[PDB]
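Student: Here's my sequence, what's the structure:
(chains A, B, C and D)
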Protein chains: 4
Amino acid sequence: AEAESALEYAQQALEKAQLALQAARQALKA
Amino acid sequence: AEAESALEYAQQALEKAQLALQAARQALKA
Amino acid sequence: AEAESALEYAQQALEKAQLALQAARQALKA
Amino acid sequence: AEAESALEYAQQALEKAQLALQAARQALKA
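Tutor: Numbering: from 1, shown residues only, chains lettered A, B, ... in the order given. The coordinates are given below.
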């Protein structure tokens, strides 16, 4: 639903973020 | 380019997260 | 250490963001 | 309020995140 779905996207996006996050981290530990 | 660019992508993800969130607090307000 | 560590901090911030968000979708569910 | 405040913290934290984000970025452009 309205906000439900805004959140669900917030979540989803938030995790792609933490995912890109680790990726850079690691690249940097290399 | 793994660190430099994992970074850029992250920020953008965050961007949409930040926006969805803002929409959320609005639907919320109702 | 500015890049390496700005990174760590970021992830953590994200962490609490991700958690608050999850709580939100729960209060939401109600 | 309940979720209102979870969001407000999500937001706040989310921006500290984007803030730490740029910080690392820049350090890396140095």
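Student: who in chain A is up against chain B?
Tutor: Residues of chain A found near chain B (CB under 8 Å from any CB of the partner chain) are A:2-3, A:6-7, A:9-10, A:13-14, A:16-17, A:20-21, A:23-28, A:30. Any C-beta I mention is one placed from the backbone N, CA and C, and that applies to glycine too.
Student: so which of the residues you listed also contact chain D?
Tutor: Filtering those for proximity to chain D by CB under 8 Å from any CB leaves A:10, A:24.
Student: Name only those of the residues of chain A next to chain B that count as buried.
Tutor: For these, a burial check counting by 16 or more other CB atoms under 10 Å in any protein chain shown picks out A:3, A:6-7, A:9-10, A:13-14, A:16-17, A:20-21, A:23-25, A:28.
Student: re earlier: which of the residues of chain A next to chain B fall in helices?
Tutor: Among the residues of chain A next to chain B, the subset assigned to helices under DSSP state H consists of A:2-3, A:6-7, A:9-10, A:13-14, A:16-17, A:20-21, A:23-28.
Student: filter the residues you listed down to the ones near chain C?
Tutor: With CB under 8 Å from any CB as the criterion, these include A:3, A:7, A:10, A:14, A:17, A:21, A:24-25, A:28 near chain C.
Student: My guess is residue A:14 contacts residue C:20. True?
Tutor: No: applying CB atoms under 8 Å as the test, residue A:14 and residue C:20 come out as separate, 10.4 Å apart.
Student: which one is residue A:13 nearest to, not counting chain neighbours?
Tutor: The shortest distance from residue A:13 to any non-neighbouring residue, by CB to CB, 6 or more residues apart in numbering or on different chains, is to residue B:17 (4.2 Å).
Student: So the one you found sits against residue D:14, correct?
Tutor: Yes: contact criterion CB under 8 Å: residue B:17 and residue D:14 qualify, at 6.4 Å.
Student: Overlap in contacts, those two.
Tutor: residue C:17 (CB atoms under 8 Å, 6 or more residues apart in numbering or on different chains).
Student: What is the neighbour count of residue A:11?
Tutor: Residue A:11 is flanked by 18 other residues according to other CB atoms under 10 Å in any protein chain shown.
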